[PDB]
Amino acid sequence: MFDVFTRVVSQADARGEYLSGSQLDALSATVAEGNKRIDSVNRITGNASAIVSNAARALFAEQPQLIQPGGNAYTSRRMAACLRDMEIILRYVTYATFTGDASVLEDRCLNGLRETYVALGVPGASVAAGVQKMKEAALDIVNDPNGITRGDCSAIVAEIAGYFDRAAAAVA
Amino acid sequence: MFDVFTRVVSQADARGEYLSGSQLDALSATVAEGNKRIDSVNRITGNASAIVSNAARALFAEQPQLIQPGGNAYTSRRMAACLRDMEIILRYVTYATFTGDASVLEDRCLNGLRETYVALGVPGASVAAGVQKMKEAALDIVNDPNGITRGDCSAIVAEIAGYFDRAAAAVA
Amino acid sequence: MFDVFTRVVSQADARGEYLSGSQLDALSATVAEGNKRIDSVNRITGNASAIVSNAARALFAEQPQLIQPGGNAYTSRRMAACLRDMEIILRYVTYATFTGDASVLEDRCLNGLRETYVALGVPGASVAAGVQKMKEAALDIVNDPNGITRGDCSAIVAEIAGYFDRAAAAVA
Amino acid sequence: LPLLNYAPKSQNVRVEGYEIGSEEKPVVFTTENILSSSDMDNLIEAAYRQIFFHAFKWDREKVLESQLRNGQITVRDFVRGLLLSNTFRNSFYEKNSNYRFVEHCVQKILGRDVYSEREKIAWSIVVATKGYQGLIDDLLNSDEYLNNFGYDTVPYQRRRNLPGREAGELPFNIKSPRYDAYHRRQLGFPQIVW
Amino acid sequence: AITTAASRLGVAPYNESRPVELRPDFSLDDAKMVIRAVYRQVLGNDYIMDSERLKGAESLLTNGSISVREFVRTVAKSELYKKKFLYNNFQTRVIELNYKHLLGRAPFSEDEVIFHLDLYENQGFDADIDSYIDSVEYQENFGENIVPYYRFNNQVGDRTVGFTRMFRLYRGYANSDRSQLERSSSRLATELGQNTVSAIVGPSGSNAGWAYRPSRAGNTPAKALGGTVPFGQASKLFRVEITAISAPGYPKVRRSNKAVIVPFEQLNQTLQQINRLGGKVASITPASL
Amino acid sequence: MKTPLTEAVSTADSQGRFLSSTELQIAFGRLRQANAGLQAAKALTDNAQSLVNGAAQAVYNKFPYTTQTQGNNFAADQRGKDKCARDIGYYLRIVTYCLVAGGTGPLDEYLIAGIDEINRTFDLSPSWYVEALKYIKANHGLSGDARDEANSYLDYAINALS
Amino acid sequence: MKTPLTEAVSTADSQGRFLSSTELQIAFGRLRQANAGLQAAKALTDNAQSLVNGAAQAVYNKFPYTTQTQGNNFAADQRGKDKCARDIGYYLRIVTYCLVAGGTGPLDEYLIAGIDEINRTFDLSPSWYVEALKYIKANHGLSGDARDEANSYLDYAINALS
Amino acid sequence: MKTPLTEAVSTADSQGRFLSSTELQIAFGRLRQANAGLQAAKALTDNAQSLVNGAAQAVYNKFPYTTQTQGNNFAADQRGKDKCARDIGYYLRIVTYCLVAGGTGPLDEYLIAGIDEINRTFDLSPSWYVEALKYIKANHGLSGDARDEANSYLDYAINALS
Ligand SMILES: *[C@@H](C)[C@H]1/C(=C/c2[nH]c(/C=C3N=C(/C=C4\NC(=O)C(CC)=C4C)C(C)=C\3CCC(=O)O)c(CCC(=O)O)c2C)NC(=O)[C@@H]1C
Ligand SMILES: *[C@@H](C)[C@H]1/C(=C/c2[nH]c(/C=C3N=C(/C=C4\NC(=O)C(CC)=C4C)C(C)=C\3CCC(=O)O)c(CCC(=O)O)c2C)NC(=O)[C@@H]1C
Ligand SMILES: *[C@@H](C)[C@H]1/C(=C/c2[nH]c(/C=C3N=C(/C=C4\NC(=O)C(CC)=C4C)C(C)=C\3CCC(=O)O)c(CCC(=O)O)c2C)NC(=O)[C@@H]1C
Ligand SMILES: *[C@H](C)[C@H]1/C(=C/c2[nH]c(/C=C3N=C(/C=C4\NC(=O)C(CC)=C4C)C(C)=C\3CCC(=O)O)c(CCC(=O)O)c2C)NC(=O)[C@@H]1C
Ligand SMILES: *[C@H](C)[C@H]1/C(=C/c2[nH]c(/C=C3N=C(/C=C4\NC(=O)C(CC)=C4C)C(C)=C\3CCC(=O)O)c(CCC(=O)O)c2C)NC(=O)[C@@H]1C
Ligand SMILES: *[C@H](C)[C@H]1/C(=C/c2[nH]c(/C=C3N=C(/C=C4\NC(=O)C(CC)=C4C)C(C)=C\3CCC(=O)O)c(CCC(=O)O)c2C)NC(=O)[C@@H]1C
Ligand SMILES: *[C@H](C)[C@H]1/C(=C/c2[nH]c(/C=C3N=C(/C=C4\NC(=O)C(CC)=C4C)C(C)=C\3CCC(=O)O)c(CCC(=O)O)c2C)NC(=O)[C@@H]1C
Ligand SMILES: *[C@H](C)[C@H]1/C(=C/c2[nH]c(/C=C3N=C(/C=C4\NC(=O)C(CC)=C4C)C(C)=C\3CCC(=O)O)c(CCC(=O)O)c2C)NC(=O)[C@@H]1C
Ligand SMILES: *[C@H](C)[C@H]1/C(=C/c2[nH]c(/C=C3N=C(/C=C4\NC(=O)C(CC)=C4C)C(C)=C\3CCC(=O)O)c(CCC(=O)O)c2C)NC(=O)[C@@H]1C
Ligand SMILES: *[C@H](C)[C@H]1/C(=C/c2[nH]c(/C=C3N=C(/C=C4\NC(=O)C(CC)=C4C)C(C)=C\3CCC(=O)O)c(CCC(=O)O)c2C)NC(=O)[C@@H]1C
Ligand SMILES: *[C@H](C)[C@H]1/C(=C/c2[nH]c(/C=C3N=C(/C=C4\NC(=O)C(CC)=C4C)C(C)=C\3CCC(=O)O)c(CCC(=O)O)c2C)NC(=O)[C@@H]1C
Ligand SMILES: *[C@H](C)[C@H]1/C(=C/c2[nH]c(/C=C3N=C(/C=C4\NC(=O)C(CC)=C4C)C(C)=C\3CCC(=O)O)c(CCC(=O)O)c2C)NC(=O)[C@@H]1C
Ligand SMILES: *[C@H](C)[C@H]1/C(=C/c2[nH]c(/C=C3N=C(/C=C4\NC(=O)C(CC)=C4C)C(C)=C\3CCC(=O)O)c(CCC(=O)O)c2C)NC(=O)[C@@H]1C
């Protein structure tokens with residue numbers, strides 16, 4: 001996997017160039033955002049169970065087909081699997097947030113995920129709907145202004161949103 | 001795999017429904033045939049080596065091209081595999097008879113078998129001919145009126161015949 | 001492992017002898033007890049969680065040193081391991097009751113269990129105390145006269161008590 | 001519950017060996033070589049030797065063989081099939097304590113000896129808690145199994161010999177016969193002779 | 001039609017295009033659009049250099065001296081087409097390409113190979129080309145005045161195997177028949193001979209495992225003969241195609257492409273292991289019933 | 001799926017064997033049981049409404065906070081009461097399947113596997129369902145082999161929850 | 001051991017499970033069978049000497065060269081006749097074990113596992129023992145379930161030898 | 001690509017765990033270091049020509065046979081001098097990457113892994129490169145954390161070569 005630093009390095013190496021002064025300044029700007037990045041990971045992680053279970057409740061309320069007998073989330077084993085998938089995606093989104101790069105998400109969560117779901121008959125659009133609900137819950141938690149030093153986290157919240165969107169796009 | 005009972009259960013659960021009275025009654029009728037079913041399984045099993053070897057001898061007699069040098073069943077390992085395949089099919093037919101459902105036979109023996117034979121150059125039509133011979137020998141053994149409580153086994157014999165016919169059809 | 005029937009066969013084979021008349025009659029007597037034996041296994045199994053949890057609670061009340069900090073059953077992992085062991089031993093006792101022979105319990109559960117507890121520092125005598133508490137609970141459950149065809153289960157109960165004694169002695 | 005923790009111990013397999021192919025290097029039986037029928041025999045025989053030490057005709061698993069021959073399954077799948085077979089359960093599981101069964105599994109599957117009693121103790125509970133298959137799958141899915149043998153190679157005892165030495169460590173099929181004193185007593189052996 | 005998977009399959013641009021028809025009394029811009037379409041279709045989206053253009057045939061098309069079909073025929077019989085697609089290819093490869101260029105579909109059966117191989121061998125390339133263009137199928141789909149186009153969507157007369165085989169011949173929009181991983185090799189020789197099909201692997205860019213290709217020998221069969229028995233307790237089996245395996249390195253890694261049949265209960269482990277191999281999932285397909 | 005007939009075939013196939021007297025005896029055991037199982041399934045099916053409602057009321061009596069407390073996991077509102085009655089209906093229906101199949105298969109596959117994750121994630125007390133299962137046991141009205149087999153599956157579910 | 005009670009527990013142990021109604025049903029299957037098997041074992045045992053003698057004579061009659069040809073593997077002399085009667089006695093005795101045990105367990109453990117190697121190594125014809133088993137099938141005079149179970153085991157051995 | 005951030009995730013992922021305080025502390029450790037690393041990367045980049053030319057010259061001085069012996073592996077002709085200066089440039093450039101990445105990852109991925117095989121195959125002496133790395137260490141002019149980190153990567157390459 002890459003992180004925000006090694007992403008720049010790998011691009012620089014493929015051209016046999018040192019990082020330009022502007023590239024270095026961009027990474028220095030990334031360093032200055034680090035505390036906010038660490039806070040966002042921390043807030044999502046600390047609320048992960050609530051994020052998953054609330055989003056799951058919302059998804060099933062809006063798509064009762066998923067949980068009625070014969071629906072893809074019916075039976076405990078399929079329900080449990082479904083809840084696990086939600087937590088897995090959230091976990092990897094935080095990994096991407098932590099490293100500041102989508103590679104971990106793409107390589108280790110979304111690799112073959114759509115194929116898996118088709119092979120299994122998991123409704124991909126419904127997974128994407130579930131991911132979208134986690135996104136909204138997560139971003140509100142990240143942006144919460146209570147009990148933290150105040151600042152502009154819009155740059156990171158936008159990055160996190162893109163990681164959720166990437167996951168939702170991949171399962172459809 | 002499914003047996004006769006869990007086939008109906010699996011269908012009911014998908015629909016979120018209890019088994020109806022007629023479904024329960026039909027399963028009761030199956031239970032009433034249980035002794036005949038067991039007897040037929042036992043009779044085929046007890047004669048398994050003869051059914052296979054006699055069928056193979058008749059096959060090669062009718063189809064000498066199989067056992068000519070260069071034929072598909074020439075060389076010990078190929079003859080062994082051929083005899084093995086005959087025995088595999090007979091065994092799975094008895095499994096299907098025992099459970100009262102074709103799933104064990106379809107999933108574990110027949111799925112992908114045609115493609116293997118095509119890929120290997122195994123003459124599937126010859127396999128089918130051998131299966132037919134085993135069928136004839138097995139049904140006669142099942143129908144032997146002697147040494148057994150006399151009764152009507154026509155329905156079980158038809159069910160067994162259908163398992164053989166499925167096997168022969170499957171291998172082309 | 002042996003069941004009641006194969007225990008006798010193994011002894012006869014090693015001697016090169018057919019089972020004698022009294023041996024066959026003894027096994028006939030065991031068969032006559034079969035329904036009671038099945039009932040006792042069913043009753044213990046149906047109450048397994050209660051037998052374990054109640055025994056564990058009583059053991060920790062009589063031996064509080066086990067659950068004090070630093071006690072062998074202190075910390076969640078060690079407590080869970082302790083509960084797991086009680087359930088395993090109970091389960092293997094039911095296995096011996098089912099087969100009518102101690103070999104399954106001796107070979108799978110008890111063989112080397114003493115040395116393992118010594119190696120880990122598990123207090124063997126406390127385990128035997130726990131097993132005796134399960135024993136008392138289990139026998140009462142087997143002997144309950146309500147909702148069952150009344151009869152004399154004294155022999156089976158004595159057999160079951162012997163299995164619990166075997167387990168208790170193997171660890172203390 | 002997480003597996004009970006235990007420490008390793010110094011072992012040949014734990015250090016770089018600077019190995020160069022010799023008559024003491026275990027033969028690599030892999031399906032990545034597109035093996036002919038007779039060569040597939042040898043691979044199959046090697047697997048039987050690795051897992052059973054010897055497969056009488058009664059022990060052999062002809063259907064698993066056909067499936068391996070046809071590419072339906074990998075060598076690791078074939079090895080799992082042998083570990084799940086009636087012969088393995090009857091010979092090595094039922095005739096031993098859980099502790100010795102674990103030792104057999106580690107020796108046959110991972111190609112190394114156990115570190116200690118504590119390793120045997122920690123894994124002995126797995127069959128009871130995860131079931132027999134759970135134990136095999138854990139070992140076959142382990143980084144140690146996959147790193148060394150992958151999916152297409154028959155496992156073997158690792159780094160048994162060191163160069164220039166007349167003898168290596170004991171072969172596991174000598175060191176670890178299918179049963180030991182416990183089952184020997186039950187059979188009433190040793191037999192007094194003369 | 002193809003909607004949800006259109007973009008990842010490289011079909012979306014063709015969904016968004018209409019057949020290029022030359023109307024009677026066409027304008028010059030009409031003629032130019034036909035010429036561009038014919039060059040892109042019939043020459044498999046190869047770049048065409050100004051020195052390679054068929055200026056005379058273009059003039060005759062522009063003048064109405066030849067219809068669209070006759071212009072297609074001329075392009076197909078040109079030294080340019082033959083250099084690109086005939087002189088360096090196994091004839092089965094040539095037949096595959098002709099079908100794609102001139103009929104917009106993949107061969108359905110071995111019978112088509114027999115017919116066109118014999119026709120070429122007995123009467124020559126020109127005769128073979130005419131058979132595609134004068135075919136009933138060509139007439140029904142394109143007639144005299146419409147440039148041939150890819151027929152992704154189901155039509156009367158189709159067979160399912162055609163749909164899967166189109167993605168053996170079509171490898172994406174920014175790609176040409178002469179710039180595909182299999183290079184000059186026939187894509188369908190084995191499929192046609194055995195009447196088998198392969199799991200569909202969409203184009204690069206939109207499919208991480210786009211490069212998956214099986215080897216000559218030692219492949220995993222499509223279906224799980226024997227069921228779950230070799231795997232022990234397992235509910236259902238899947239065939240996973242994996243590409244770009246590198247991480248352990250040789251000799252631990254021999255072939256970077258691998259297909260495995262695995263049980264449902266090990267899919268989590270399988271995906272984890274694949275990721276650590278560096279590999280990319282090309283396709284997953286149920287392998288048992 | 002754990003049932004006598006499938007287990008008999010599963011074992012023999014795993015051993016690559018034809019069925020033998022051992023497996024025939026398993027079938028005879030199934031046959032001895034099957035009619036009582038089918039009769040029990042019918043009885044529970046015919047009284048499903050009373051059993052489920054009675055069981056749901058039993059839980060509400062034993063755990064009054066479940067009908068008085070607000071929250072998604074409780075049954076103070078109609079939404080929650082409908083979820084609860086549905087769930088108890090699942091337990092009962094899948095138990096009838098066990099009686100039809102003659103083993104815990106249906107419970108294991110449809111309900112039990114993963115139940116701990118569900119109850120933890122949605123904060124549902126196992127004790128609630130245990131109480132409901134106890135009510136069904138005391139009220140299904142079965143006797144003899146039907147009762148014994150039916151109570152084993154109910155006790156099987158209860159034990160899985162504790 | 002392939003035996004209904006042993007396999008029920010072996011499978012449950014392999015699965016880490018308490019015994020359930022599936023295993024209890026297997027036990028009922030065993031109980032239904034057991035008396036017939038025990039009666040069959042008694043009848044076979046009481047008639048043991050006659051069956052063995054008849055079986056050996058059947059073999060000698062069908063394969064007269066075995067009583068005429070010198071060689072360690074043949075019964076021309078008294079040594080080989082004694083070996084032969086011993087071998088057949090083993091088959092019959094172990095068959096009675098299977099009837100007691102209710103499965104092929106004893107045959108598998110004591111005779112069948114390795115029988116291929118023995119017969120090949122000592123140049124003993126499997127057809128000799130098949131003839132002897134057919135004699136026993138024909139002359140044990142059992143009826144009903146005793147006959148069926150006993151013939152299943154005799155046929156099981158016949159199948160193993162062919 | 002060993003860096004504090006990727007290793008923290010890979011560890012957590014191998015354990016199927018969310019990131020926790022331990023990985024957050026790893027991130028804070030990376031943050032404490034990064035700016036000094038970027039400044040060190042900037043300094044080395046700006047002085048790259050001098051460091052590389054001086055490094056190559058220091059090697060020629062210590063190993064004068066390199067500039068006077070004819071052979072594809074030596075720097076007697078301009079071809080070899082260009083190969084040599086290029087190689088030293090690689091070391092320097094990839095070291096700046098390690099400073100940017102905050103770990104030996106870039107050295108491991110781009111240079112270190114397989115360097116043994118290269119040097120053996122083309123008959124290049126590792127001592128040559130050790131000499132150049134010592135020159136860069138003594139002439140890069142860094143101080144403080146920038147020096148310590150940069151020297152750690154320079155030492156890491158030296159250790160791999162010896
Ligand atoms: C958007 C994410 C929200 C937000 C965040 C934010 N945080 C800071 C500053 C700090 N946050 C931390 C974090 C931690 N310290 C710890 O010890 C741990 C636990 C292991 C964590 C997660 C730290 C160290 C700082 C710096 C010190 C401080 O007290 O501020 C800022 C300020 C920017 C900065 O780092 O200077 C911001 C903006 N603030 C919001 O308003 C959003 C809701
Ligand atoms: C068609 C299959 C033939 C046939 C069968 C048939 N059998 C019975 C009845 C029984 N068969 C058995 C079988 C066994 N008992 C054992 O102990 C074992 C050995 C392990 C076996 C295989 C049993 C127990 C019965 C019931 C009691 C009895 O002795 O009859 C019937 C009668 C119907 C019934 O279901 O009971 C029939 C029809 N009969 C034929 O004529 C066909 C050739
Ligand atoms: C001591 C254990 C107690 C006891 C037992 C007892 N049981 C019976 C008889 C039967 N018990 C059963 C059991 C079952 N039938 C089923 O369908 C199931 C589930 C699969 C089970 C566990 C059966 C079939 C019988 C036979 C028929 C009957 O209902 O009686 C007896 C009676 C004598 C006998 O041995 O058969 C006894 C004594 N009785 C007590 O008083 C003890 C507390
Ligand atoms: C929940 C919102 C939706 C849902 C989910 C669902 N998924 C499965 C099964 C699987 N999910 C995965 C996905 C992953 N496994 C991993 O290890 C990773 C990380 C790399 C991912 C992303 C896999 C592989 C499986 C199959 C293996 C397994 O053990 O489950 C199921 C179960 C399907 C079935 O039981 O047949 C379900 C129900 N279902 C819905 O309806 C929701 C939209
Ligand atoms: C000759 C010493 C004695 C003899 C021979 C005999 N053999 C058969 C039948 C078969 N023989 C073989 C052998 C082979 N097939 C091969 O492919 C190879 C390896 C290249 C060998 C060694 C086989 C497979 C058969 C059975 C199938 C077939 O018919 O080809 C028979 C007929 C058996 C039957 O039941 O039809 C006979 C008579 N018989 C004697 O009495 C001789 C002393
Ligand atoms: C509970 C009443 C008492 C208790 C128990 C306890 N045991 C352990 C650890 C182990 N127990 C076993 C048990 C077995 N091994 C077998 O092969 C079998 C048959 C299947 C059994 C029953 C094993 C192997 C272990 C070690 C491995 C593991 O625990 O996972 C512990 C934990 C010890 C530790 O250091 O964590 C405990 C607490 N302890 C008491 O104080 C009670 C008297
Ligand atoms: C060097 C100062 C001395 C010396 C060393 C020496 N050691 C060996 C062989 C082995 N050393 C080990 C060590 C370990 N295994 C572990 O797991 C660990 C911790 C990770 C350690 C430290 C092992 C297992 C071996 C055997 C395997 C192998 O050598 O590859 C040898 C070789 C012995 C031989 O006969 O080849 C030597 C030479 N020898 C001296 O004379 C020095 C005093
Ligand atoms: C005998 C009537 C005919 C015959 C058979 C034959 N088959 C093969 C090869 C294979 N047969 C199978 C079949 C199965 N394997 C399984 O696991 C199962 C499901 C449980 C079945 C049905 C397979 C997989 C193979 C290929 C692998 C293998 O060699 O075992 C051969 C051998 C061909 C070869 O050597 O390549 C033969 C000869 N052949 C005839 O001519 C008869 C008509
Ligand atoms: C209806 C019960 C389910 C369903 C169907 C569905 N199918 C498609 C698309 C196609 N279906 C085919 C099938 C065939 N083509 C053939 O040539 C043959 C035999 C002659 C068959 C059976 C094909 C090739 C396609 C794609 C091409 C085309 O449709 O023209 C779709 C649409 C897919 C999409 O829009 O992306 C659908 C909806 N879908 C369900 O959910 C039902 C369970
Ligand atoms: C130039 C910066 C680099 C370079 C380029 C190069 N490309 C090709 C060949 C092709 N390029 C394409 C790309 C497209 N075709 C399309 O229609 C589209 C838009 C949808 C794209 C992006 C294709 C398909 C080809 C192959 C077709 C053809 O006629 O070549 C070549 C030619 C290679 C060759 O002739 O062997 C080259 C040279 N090459 C470099 O070295 C530069 C880095
Ligand atoms: C004759 C000595 C042997 C023989 C030949 C044989 N070949 C086929 C079928 C085909 N042959 C080809 C060959 C080519 N296609 C090309 O493009 C070229 C190069 C320009 C060649 C040489 C092809 C593609 C086929 C398939 C189509 C067709 O059938 O014509 C067959 C028929 C096979 C069938 O099953 O129909 C045969 C008989 N067969 C022998 O036994 C001889 C040793
Ligand atoms: C050198 C002339 C060209 C070159 C080579 C190159 N290869 C790889 C990677 C691999 N090469 C193989 C090869 C084989 N596997 C086998 O089993 C056999 C036959 C027995 C061979 C030849 C494999 C499996 C790999 C991948 C695993 C590994 O890297 O060890 C690379 C590296 C690829 C990467 O992306 O890292 C390279 C560079 N590259 C060129 O540019 C030369 C033209
Ligand atoms: C009734 C005893 C108490 C109660 C129930 C209650 N349950 C839920 C939610 C769920 N219940 C289940 C259970 C199952 N789903 C299945 O598929 C099966 C197996 C076939 C079972 C047993 C599940 C999975 C859920 C969550 C998803 C869903 O709602 O379908 C609720 C609502 C919980 C929430 O947060 O929405 C309630 C109220 N609550 C009480 O207070 C009763 C005492």
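Letters go in sequence order (proteins before strands), and every chain restarts at 1. Quick note: numbers below take in every heavy atom, side chains included, and nothing from hydrogens, waters or symmetry partners. Counting starts at 1 for both ligands and their atoms, in listed order.
Near E:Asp158, the atoms of ligand 9 lying under 4.0 angstrom from a non-hydrogen atom of the residue are 17 (O), 20 (C). Taking every non-hydrogen atom of B:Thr149 and a distance limit under 4.0 Å, the qualifying atoms of ligand 2 come out as 4 (C), 5 (C), 6 (C), 8 (C), 28 (C), 29 (O), 30 (O), 31 (C), 32 (C), 37 (C), 38 (C), 39 (N), 40 (C), 41 (O). Taking a cut-off of under 4.0 Å to the non-hydrogen atoms of B:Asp144, the atoms of ligand 2 that pass are 43 (C). Residue E:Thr4 has at least one heavy-atom neighbour below 4.0 Å for each of these atoms of ligand 9: 36 (O). Atoms of ligand 9 found under 4.0 Å from any heavy atom of E:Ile2 (numbered from 1 in listed order, with element): 34 (C), 36 (O). Every atom of ligand 2 is numbered from 1 in the order shown, and the set under 4.0 Å from a heavy atom of B:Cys153 is 1 (C), 2 (C), 3 (C), 4 (C), 5 (C), 39 (N), 40 (C), 42 (C).
Side chain of B:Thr94 to backbone of B:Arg91: a donor-acceptor contact under 3.5 angstrom is found. Between the side chain of B:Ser40 and the main chain of B:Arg37, a donor-acceptor pair closer than 3.5 Å is present. Side-chain N or O atoms of B:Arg43 include one that pairs as donor or acceptor with a backbone N or O of B:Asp144 at under 3.5 Å. Remark: side-chain polar atoms of E:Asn141 are paired, donor with acceptor, to backbone N or O of E:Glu137 under 3.5 angstrom. Under a 3.5 Å cut-off, the side chain of B:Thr99 and the backbone N or O of B:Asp101 do form a donor-acceptor pair. Checking side-chain atoms of G:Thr69 against main-chain N and O of G:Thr66 turns up no donor-acceptor pair under 3.5 Å. For the pair G:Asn159 (side chain) and B:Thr45 (backbone), a donor-acceptor distance under 3.5 Å is present. E:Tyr150 contributes no side-chain N or O that, together with a main-chain N or O of E:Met166, makes up a donor-acceptor pair within less than 3.5 Å.
With distances taken over non-hydrogen atoms, the option nearest atom 33 (C) of ligand 2 out of G:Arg32, G:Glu149, B:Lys36, B:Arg150 is B:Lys36. Looking at B:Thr45, G:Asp145, B:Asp39, it is B:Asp39 that brings a heavy atom closest to atom 8 (C) of ligand 2.
At a 4.0 Å heavy-atom cut-off, ligand 2 does not touch B:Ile156 at all. Of the heavy atoms in F:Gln25, none comes closer than 4.0 Å to ligand 2. In F:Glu23, neither the side chain nor the backbone holds a heavy atom less than 4.0 Å from any atom of ligand 2. With a heavy-atom cut-off of 4.0 Å, B:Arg43 touches ligand 2 through its side chain alone. At a heavy-atom distance under 4.0 Å, no atom of B:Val157 approaches ligand 2.
Atom OG1 of B:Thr97 and atom NZ of B:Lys36 lie 15.0 Å apart (nearest 0.5 Å). The CG atom of G:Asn119 sits 5.5 Å away from atom CG of G:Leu124, with the distance rounded to the nearest 0.5 Å. Summarising the geometry, atom NZ belonging to G:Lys62 is positioned 8.5 Å from atom OH belonging to G:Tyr65; distances are rounded to the nearest 0.5 Å. Atom NZ in G:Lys42 sits 14.0 Å away from atom CG in G:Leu99 (nearest 0.5 Å).
With hydrogens left out, the protein atom closest to atom 36 (O) of ligand 2 is B:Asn35 ND2, 3.2 Å, a heavy atom. Annotation: atom 18 (C) of ligand 2 to nearest protein heavy atom, G:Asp148 CB, 3.7 Å.
Ligand 9 lies nowhere less than 4.0 angstrom from a heavy atom belonging to E:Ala5.
Protein heavy atoms are absent from the space less than 4.0 angstrom from atom 27 (C) of ligand 2.
Within 4.0 Å of ligand 5, protein heavy atoms belong to B:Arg57, B:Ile67, B:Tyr74, B:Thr75, B:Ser76, B:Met79, listed by chain and number.
Checking only distances, E:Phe152 never comes within under 3.5 Å of ligand 9, N or O to N or O.
For an aromatic pair to be called close, the ring centres must be under 6.0 Å apart, and E:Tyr14 with E:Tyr173 satisfies this.
Listed by chain and residue number, G:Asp155 satisfy the side-chain hydrogen bond (donor to acceptor under 3.5 Å, both in side chains) test with G:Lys137 (two or more places apart in sequence, or in another chain).
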